[PDB]
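Enquirer: This is the structure, below, for whatever I ask next.
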4 protein chains.
Amino acid sequence: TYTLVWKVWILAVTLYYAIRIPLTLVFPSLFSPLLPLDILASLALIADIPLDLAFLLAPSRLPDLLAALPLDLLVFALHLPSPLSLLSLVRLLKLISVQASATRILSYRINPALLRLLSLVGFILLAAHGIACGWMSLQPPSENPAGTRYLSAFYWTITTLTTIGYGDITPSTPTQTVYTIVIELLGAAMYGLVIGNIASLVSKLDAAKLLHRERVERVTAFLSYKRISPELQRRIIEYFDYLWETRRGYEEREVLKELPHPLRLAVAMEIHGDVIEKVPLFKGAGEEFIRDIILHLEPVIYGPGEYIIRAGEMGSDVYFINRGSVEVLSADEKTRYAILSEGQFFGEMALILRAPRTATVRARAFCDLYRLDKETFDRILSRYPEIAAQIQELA
Amino acid sequence: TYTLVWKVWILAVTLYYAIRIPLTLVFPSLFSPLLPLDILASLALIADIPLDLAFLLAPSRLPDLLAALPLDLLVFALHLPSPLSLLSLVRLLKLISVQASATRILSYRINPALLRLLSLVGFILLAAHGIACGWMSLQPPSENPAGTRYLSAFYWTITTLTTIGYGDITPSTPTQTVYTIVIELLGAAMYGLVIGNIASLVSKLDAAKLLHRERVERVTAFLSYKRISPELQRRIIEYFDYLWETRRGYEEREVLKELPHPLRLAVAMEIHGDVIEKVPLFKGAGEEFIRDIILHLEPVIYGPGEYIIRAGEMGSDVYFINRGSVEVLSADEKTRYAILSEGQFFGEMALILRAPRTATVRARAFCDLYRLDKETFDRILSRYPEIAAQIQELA
Amino acid sequence: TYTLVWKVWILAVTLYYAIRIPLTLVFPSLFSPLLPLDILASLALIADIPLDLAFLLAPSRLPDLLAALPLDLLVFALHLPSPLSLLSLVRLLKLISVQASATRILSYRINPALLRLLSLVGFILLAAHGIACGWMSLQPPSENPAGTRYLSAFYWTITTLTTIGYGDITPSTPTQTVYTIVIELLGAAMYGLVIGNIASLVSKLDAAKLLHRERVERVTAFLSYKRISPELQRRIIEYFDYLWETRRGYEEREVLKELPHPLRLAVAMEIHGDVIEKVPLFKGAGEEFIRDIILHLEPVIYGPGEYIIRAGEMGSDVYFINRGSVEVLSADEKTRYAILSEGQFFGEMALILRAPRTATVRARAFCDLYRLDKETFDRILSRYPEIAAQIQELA
Amino acid sequence: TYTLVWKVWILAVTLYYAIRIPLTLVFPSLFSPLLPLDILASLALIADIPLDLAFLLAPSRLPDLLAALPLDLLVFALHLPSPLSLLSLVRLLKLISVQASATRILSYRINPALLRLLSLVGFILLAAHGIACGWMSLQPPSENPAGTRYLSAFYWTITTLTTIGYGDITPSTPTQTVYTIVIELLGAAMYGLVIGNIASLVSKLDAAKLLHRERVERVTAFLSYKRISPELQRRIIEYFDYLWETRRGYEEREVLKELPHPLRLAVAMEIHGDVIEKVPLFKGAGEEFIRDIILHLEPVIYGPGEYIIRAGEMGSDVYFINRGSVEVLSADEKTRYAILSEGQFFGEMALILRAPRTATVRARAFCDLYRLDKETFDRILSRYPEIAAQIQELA
Ligand SMILES: Nc1ncnc2c1ncn2[C@@H]1O[C@@H]2COP(=O)(O)O[C@H]2[C@H]1O
Ligand SMILES: Nc1ncnc2c1ncn2[C@@H]1O[C@@H]2COP(=O)(O)O[C@H]2[C@H]1O
Ligand SMILES: Nc1ncnc2c1ncn2[C@@H]1O[C@@H]2COP(=O)(O)O[C@H]2[C@H]1O
Ligand SMILES: Nc1ncnc2c1ncn2[C@@H]1O[C@@H]2COP(=O)(O)O[C@H]2[C@H]1O
């Protein structure tokens with residue numbers, strides 16, 4: 001964590017130069033009662049490229065050593081004229097490296113479209129400070145206090161970069177006019193960048209909700225063209241509502257394919273944990289049979305009142321309840337045998353042989369259950385002859 | 001619905017404080033002939049966190065009880081000085097909860113990109129009121145009527161937040177200059193948010209139309225490279241036109257997979273309702289045979305004049321007409337036997353055996369019909385031996 | 001086409017009212033030497049809801065009959081005061097219907113994102129005219145000419161709706177201040193709409209190019225991680241370049257699935273037209289064999305210098321050249337047997353039996369050829385016993 | 001490269017006319033000491049449509065010959081009045097062709113969304129020059145120097161097109177007011193275009209990162225609903241972190257399908273180069289067996305500590321290590337037999353027969369290995385009987 005606390009320190013130094021240099025270029029009466037601080041900052045900025053190396057002349061390393069040799073403490077100490085001392089701003093090249101560090105250490109828990117906006121706003125304010133100092137530099141010599149004429153310059157630059165333009169402070173000289181033109185263009189560019197960043201950030205703020213909305217609209221639009229009843233359309237709408245309320249509309253089978261096989265098996269083993277550990281025919285088997293079965297359970301959701309099994313039909317599947325309730329009724333739907341809930345299973349008689357069903361099965365709410373076929377079971381039983389022999393015994 | 005009519009009430013109270021507090025901070029002559037109303041609002045705002053609980057110190061519950069204890073009726077009653085009475089605006093924190101409620105009760109029948117825009121516009125106007133009151137507060141003491149100087153302040157704040165900047169009202173004091181700078185930045189930020197929200201809302205307004213347009217452009221671009229006739233390109237274009245006119249370009253097979261199996265079966269059973277309930281060989285069968293067949297019918301669209309069956313060839317399919325018309329012609333296309341329309345079927349002789357066809361079949365318009373193979377029929381007939389035996393009898 | 005020439009007429013009438021009404025409300029000296037025109041327009045606007053019916057009280061029909069009864073010719077003829085004659089602008093509701101017509105008759109050959117922008121710009125200019133008339137109405141009575149004070153009003157409204165705000169024309173009265181505030185908000189909203197529409201239009205202007213660029217970047221990014229030679233990366237890059245130059249990067253197999261089966265068969269029959277009509281073993285067969293084969297040819301592209309067939313190996317495929325050239329070399333690549341070009345084929349000996357190859361085959365440029373397997377050929381030959389018998393004879 | 005150096009020359013000529021023509025229309029005292037240059041430019045611009053032809057009256061060729069005949073050197077030489085000499089700007093139509101060339105020669109190594117922005121900025125500055133000259137033309141006759149009144153005009157046009165509007169330079173005449181209105185509209189349009197282009201460019205700057213972020217958020221959102229342990233969620237998160245760090249989240253199987261078969265085979269042969277060239281049972285085989293095997297190896301990633309093979313189970317696969325390390329332990333995980341690293345393989349005994357495993361295999365870090373089944377091996381061995389016979393010998 002020492003790296004983190006030293007990066008904050010070098011940031012606090014490059015934002016010390018980024019506020020002191022342009023403001024010293026305008027007021028030379030400074031730089032005397034801040035020399036103990038700029039010596040310290042120069043030391044703490046020159047003894048940082050070794051440490052970075054312990055982690056030359058490269059396309060992404062030139063700023064770090066260009067912003068480290070003391071161009072300052074020389075132009076201010078020797079009192080160089082105006083055109084040649086303006087290279088004292090080479091220390092601000094360190095800001096590039098600072099940004100390049102902050103865009104890769106903090107980019108784990110922050111939206112990449114918001115960190116860019118925060119960096120842009122910080123750069124805009126830090127450039128507005130320099131623009132205010134520049135505007136204040138090329139003004140007629142006056143006797144006003146330093147803070148009043150800094151306030152006027154900052155007011156002018158803020159009213160120019162936001163494209164408001166009150167007009168109470170205007171150029172009065174060719175040089176001021178050229179400066180105003182160039183920084184009018186700069187302000188337009190910066191405001192355009194801000195608007196574009198905000199538009200990008202807002203445009204991608206509700207993705208799952210809009211995807212679910214449009215895939216419901218598409219289904220309803222196609223479904224009305226085929227002239228299907230209002231009742232069944234209402235059932236479909238309420239199913240989509242339940243899907244959005246529970247799992248935000250994500251499809252289980254397309255979600256559980258971005259995982260590699262061992263993680264997918266671990267997830268499946270923690271989901272279908274206890275359910276298959278109590279099935280009367282799978283007992284006596286090893287862990288490889290169970291692990292083979294668990295990967296072939298297929299999910300399906302049944303709404304309220306829907307039929308799962310009809311009494312009399314052949315049937316070949318077996319169902320495991322996960323997150324719902326189920327009722328068992330006779331062939332006439334008049335006598336209720338029992339009620340099954342999470343963790344239990346029904347239909348285990350179909351795997352043994354293809355005898356017709358013996359009772360009717362009705363969903364009481366949204367069931368969210370898993371099912372296993374018979375051909376899949378036969379294929380994955382043809383490899384474990386001892387188990388298949390035992391099943392033949394029970395048959 | 002009582003919850004809905006009480007949420008509107010608490011909204012009408014938090015927009016009563018949001019208009020009365022900043023305007024009372026400027027004009028102290030108020031708060032005497034509005035005390036019966038603010039007592040009532042304070043009661044109706046303190047007796048709302050129990051009811052919310054009947055539905056503490058949580059990250060999303062702190063505003064509700066911070067905006068409920070009467071910081072008002074104390075600063076105004078005891079006449080606290082300017083810097084310390086400004087915490088009377090804690091009641092405006094209730095606006096967060098109000099927004100958080102309106103974004104989850106009304107988010108069922110409203111585009112999520114439009115509710116955010118409406119909330120943003122409401123917040124912008126409600127903040128412009130407060131900014132106008134703030135600007136009017138730090139002005140020199142004058143004798144003008146209260147409404148004229150409220151009109152001037154509102155005019156200034158509206159001409160600043162829209163980034164127009166006429167310039168007839170400008171700062172004339174350091175404090176006014178600092179206030180103007182900060183709210184120039186606020187106005188730029190708000191206008192950027194508005195533009196970004198509008199851009200996001202507009203960018204996603206024609207999705208199906210643009211998707212259809214680009215998937216037609218891609219087909220034509222690829223299709224010209226292979227040097228294919230203008231006639232067949234015109235046929236493809238008119239097919240895509242018909243598809244867009246009828247079902248907005250949605251593909252039937254990719255649409256009918258977002259449904260679970262029972263809903264998909266219900267949809268198919270209501271689509272292919274009567275058609276298979278009159279087929280001469282499927283009669284005598286149960287409901288499971290029909291329900292098995294219905295899930296294996298495959299859609300296909302035939303344009304005008306196209307050939308569906310050629311006289312003499314082997315053939316193995318059977319076709320059910322859904323939304324079109326069909327004509328039956330002899331081997332020489334000279335004598336018209338009959339005309340079939342919606343609900344009827346042809347080609348049933350191919351399922352029994354592989355004898356060559358007996359007549360030619362021509363589409364009269366866009367047919368939009370369903371078809372069943374023979375290998376699929378054989379696979380799904382190998383499980384119902386009684387039916388297969390009867391088919392063997394008819395063969 | 002008479003409908004098209006009459007819709008233009010009703011557009012020219014609703015843009016006659018949309019320019020005459022607000023300008024007459026300000027200058028009452030008009031409406032005398034334009035009565036023969038507004039009578040004609042009223043007739044041509046009342047005798048248009050029957051014709052629309054030949055193509056009441058509906059949610060999308062109320063404007064058509066609200067904008068048809070003569071509220072005009074009554075307020076101007078009886079000289080109604082200012083607050084009550086302002087309902088003369090009900091005729092501008094016809095603009096909604098006009099827009100609703102122009103958005104569905106011209107929406108076939110125009111980008112839907114550009115028609116909306118053109119409509120928005122037209123509405124903005126037509127509203128700016130009315131705003132200028134409104135501003136000119138509530139001004140002090142002056143003696144200036146009508147065109148000079150219309151020019152000043154139009155200048156003010158254009159400098160307000162574009163958010164420029166020069167400030168040389170400003171309010172000077174409470175009513176003018178309220179008007180200015182409301183239309184400052186209107187101008188901000190309109191400029192936001194314009195910017196959002198332009199952003200949407202520009203954001204979707206190069207789709208295929210960006211898709212190809214990103215799918216090349218993804219391939220190269222993954223391909224460098226596996227540490228694969230610069231030569232083969234250059235070959236992949238030049239293959240993608242050739243694909244983009246010829247068919248804009250579109251994949252043949254994913255393109256040729258948006259067509260229904262008869263159109264897909266027609267496309268395939270026009271592509272592989274002559275090639276299979278000269279193959280020595282397929283001769284003597286009917287049209288159904290050819291039509292069955294044509295649907296199972298699979299495309300593949302070979303770059304320059306690549307090997308297609310190695311002398312000595314078993315091999316099972318047959319290749320048809322479509323858009324390239326091929327050379328045939330001996331086992332030592334020293335003696336060049338022959339050169340094949342578009343329309344010819346090689347490898348036909350593999351279908352008869354699985355004898356080893358007899359010569360080497362090299363691509364001379366990007367070949368763009370089609371291939372047929374052997375198992376597919378065997379499956380689709382097992383249904384036509386006469387042909388399979390003849391092949392057995394040649395074997 | 002001569003074409004490249006001549007296109008730069010014609011660009012430097014069309015940006016010579018684009019700066020000289022409007023500035024000469026205002027100051028007639030020019031055009032005498034620049035005739036040797038405009039004669040040269042006219043020659044170098046008329047002798048460029050033959051060379052373009054060596055690479056008429058076409059929809060995309062009309063500018064090239066409209067901007068080549070000397071409308072200049074005639075209006076300036078004969079001193080034509082103001083309304084008729086304004087067609088001297090036909091030479092600026094050459095800018096269209098120049099842009100149309102620069103958008104297709106430099107569009108290989110530049111983002112298409114950035115070249116458009118650079119072209120737009122260049123056009124905006126070049127139009128601002130002309131707008132400044134136009135504004136300076138219709139001003140009262142003054143005695144000021146030419147550069148001061150060019151500076152004022154450029155200042156006015158820049159403060160108008162950026163929508164700032166200081167207001168210190170304003171119209172003072174009907175013609176100036178009309179000019180100001182039209183170019184206020186132009187400036188609003190240009191600023192809207194700039195903002196839209198910037199928004200489009202920024203909106204698509206982090207695609208892979210956002211895709212990875214959202215596909216991790218979807219997995220975690222679905223994964224919490226099933227109530228799965230924090231440990232396994234942490235394992236999934238760290239797996240996704242490793243995937244992003246190594247290959248930017250790209251899936252190997254969906255990446256390696258955009259290549260044609262020969263390039264895919266070349267890539268696979270360079271990846272699995274040495275590994276299969278040392279396998280004890282595959283030795284003695286030819287190149288076609290290896291080339292057949294290499295296309296059926298399937299990738300899989302194992303995290304640290306995960307189990308790859310359990311001692312005692314049947315097993316049927318064989319694994320090749322690519323970019324990781326593996327340890328071999330006994331049945332009790334107490335004695336470490338050996339350590340395998342990149343280039344080696346384990347599990348080769350399962351292909352010979354289905355005997356149970358003999359040792360446990362544990363990942364030490366993220367392994368990134370390839371695996372081969374047994375049924376696939378059996379299918380692709382049933383075609384090479386000599387190899388299958390040798391395997392039967394070793395079995
Ligand atoms: N009395 C009962 N209590 C609970 N479940 C039952 C009862 N009778 C039948 N079932 C279940 O209902 C199923 C319907 O027929 P199956 O042959 O699929 O197997 C049956 C059992 O799983
Ligand atoms: N006279 C007829 N009227 C209606 N349909 C017919 C007639 N003759 C043949 N068909 C249908 O046309 C089909 C063409 O040959 P099939 O063997 O497919 O079965 C035939 C019947 O379905
Ligand atoms: N002399 C030749 N001229 C043209 N093509 C040939 C010649 N010899 C062989 N081929 C083709 O090259 C193929 C290579 O071996 P096949 O058995 O696939 O069948 C061969 C023919 O199609
Ligand atoms: N002593 C050993 N050193 C290295 N690898 C081994 C050793 N013993 C077994 N293995 C490998 O571990 C595998 C586990 O059982 P298999 O039958 O798959 O084949 C085995 C060999 O590939």
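Identifiers for the structure tokens are assigned positionally: chains receive A, B, ... in sequence, residues are indexed from 1 per chain, and ligands are indexed from 1 in the order shown.
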Counting only C-alpha atoms, which residues of chain A come no farther than 10 Å from chain C, as a PyMOL selection string?
Expert: chain A and resi 163-167+196+199
Enquirer: At a cut-off of 7 Å and counting only C-alpha atoms and all ligand atoms, what residues surround ligand 1? Please answer as a list in words.
Expert: residues 309, 328, 337, 338, 346, 347, 348, 349, 350, 355, 356, 357, 358, 359, 360 and 361 of chain A
Enquirer: Could you go through region 209-284 of chain D and tell me which residues DSSP, when run on the backbone, assigns to alpha helix (DSSP H), listing them as an MDAnalysis selection string?
Expert: chainID D and resid 209:225 230:247 252:255 261:271
Enquirer: So how far away is CA of residue 212 (chain B) from CA of residue 301 (chain B), in Å?
Expert: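 CA of residue 212 (chain B) lies 17.4 Å from CA of residue 301 (chain B).
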Enquirer: Residues at most 7 Å from region 367-377 of chain B, counting only C-alpha atoms, excluding those fewer than 5 positions away in the same chain, as a ChimeraX atom specification?
Expert: /B:296-303,316-325,351
Enquirer: Go ahead and save the residues from that selection, with C-alpha atoms, as a short mmCIF file (atom, residue, chain, number, x, y, z; two decimals), in the first residue's frame.
Expert:
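Saved file out-v7.cif follows:
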data_model
loop_
_atom_site.label_atom_id
_atom_site.label_comp_id
_atom_site.auth_asym_id
_atom_site.auth_seq_id
_atom_site.Cartn_x
_atom_site.Cartn_y
_atom_site.Cartn_z
CA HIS B 296 -42.64 -29.88 -35.45
CA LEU B 297 -44.40 -27.77 -38.08
CA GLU B 298 -41.93 -25.46 -39.79
CA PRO B 299 -42.91 -22.12 -41.37
CA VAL B 300 -42.02 -20.96 -44.88
CA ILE B 301 -43.22 -18.09 -47.08
CA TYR B 302 -43.83 -18.43 -50.82
CA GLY B 303 -44.08 -15.37 -53.05
CA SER B 316 -41.83 -36.14 -48.98
CA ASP B 317 -43.48 -33.13 -47.29
CA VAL B 318 -46.98 -31.98 -46.37
CA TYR B 319 -48.08 -28.35 -46.32
CA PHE B 320 -50.73 -26.51 -44.28
CA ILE B 321 -51.97 -23.15 -45.56
CA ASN B 322 -52.20 -20.42 -42.91
CA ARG B 323 -52.53 -16.92 -44.43
CA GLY B 324 -52.67 -17.23 -48.20
CA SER B 325 -54.11 -18.84 -51.31
CA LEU B 351 -46.42 -39.21 -45.81
#
Enquirer: Would you list the contacts of residue 137 (chain B) as an MDAnalysis selection string, taking every protein, DNA or RNA residue within 9 Å and counting only C-alpha atoms, but skipping same-chain residues closer than 5 positions in sequence?
Expert: chainID B and resid 25:27 132
Enquirer: Can you tell me, as a ChimeraX atom specification, which residues in region 190-367 of chain D count as strand (DSSP E) by DSSP?
Expert: /D:298-300,307-309,318-321,325-329,336-341,345-346,360-363
Enquirer: Quick one: distance from CA of residue 183 (chain C) to CA of residue 29 (chain C) in Å, one decimal?
Expert: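 Distance reported for this atom pair: 27.6 Å.
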Enquirer: Can you pull out the residues contacting region 280-295 of chain B? Cut-off 8 Å, using only C-alpha atoms, and skip same-chain residues under 3 positions away; I want them as a short mmCIF file (atom, residue, chain, number, x, y, z; two decimals) with N, CA, C and O atoms, in the first residue's frame.
Expert:
data_model
loop_
_atom_site.label_atom_id
_atom_site.label_comp_id
_atom_site.auth_asym_id
_atom_site.auth_seq_id
_atom_site.Cartn_x
_atom_site.Cartn_y
_atom_site.Cartn_z
N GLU A 313 -51.11 -40.45 -19.85
CA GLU A 313 -50.15 -40.40 -20.95
C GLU A 313 -48.88 -41.17 -20.58
O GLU A 313 -48.62 -41.47 -19.42
N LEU B 265 -45.98 -24.26 -26.37
CA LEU B 265 -46.98 -25.25 -26.77
C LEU B 265 -48.37 -24.64 -26.82
O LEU B 265 -49.15 -24.95 -27.72
N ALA B 268 -48.54 -22.51 -29.98
CA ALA B 268 -48.65 -23.36 -31.17
C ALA B 268 -50.02 -24.01 -31.27
O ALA B 268 -50.56 -24.15 -32.37
N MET B 269 -50.59 -24.42 -30.13
CA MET B 269 -51.91 -25.04 -30.15
C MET B 269 -53.01 -24.05 -30.52
O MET B 269 -54.02 -24.44 -31.11
N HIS B 272 -52.10 -23.40 -34.74
CA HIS B 272 -52.51 -24.54 -35.56
C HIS B 272 -53.70 -25.26 -34.92
O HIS B 272 -53.67 -26.46 -34.65
N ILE B 276 -55.20 -29.25 -38.15
CA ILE B 276 -54.89 -30.68 -38.00
C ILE B 276 -56.07 -31.44 -37.41
O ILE B 276 -56.08 -32.68 -37.41
N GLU B 277 -57.12 -30.74 -36.99
CA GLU B 277 -58.31 -31.38 -36.45
C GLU B 277 -59.26 -31.87 -37.56
O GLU B 277 -60.42 -32.22 -37.29
N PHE B 377 -41.58 -37.01 -39.29
CA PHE B 377 -42.82 -37.74 -39.08
C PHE B 377 -42.54 -39.20 -38.74
O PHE B 377 -43.20 -39.78 -37.87
N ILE B 380 -41.18 -39.39 -35.07
CA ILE B 380 -42.22 -39.15 -34.07
C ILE B 380 -43.43 -40.05 -34.26
O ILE B 380 -44.40 -39.95 -33.50
N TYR B 384 -45.45 -44.40 -31.30
CA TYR B 384 -46.89 -44.61 -31.14
C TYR B 384 -47.28 -45.76 -32.07
O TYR B 384 -47.82 -45.53 -33.16
N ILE B 387 -50.82 -46.09 -34.02
CA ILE B 387 -50.99 -45.18 -35.15
C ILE B 387 -50.15 -45.64 -36.34
O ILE B 387 -50.61 -45.60 -37.49
N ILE B 391 -51.40 -46.57 -40.09
CA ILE B 391 -50.85 -45.98 -41.30
C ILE B 391 -50.38 -47.09 -42.23
O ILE B 391 -50.52 -47.00 -43.46
#
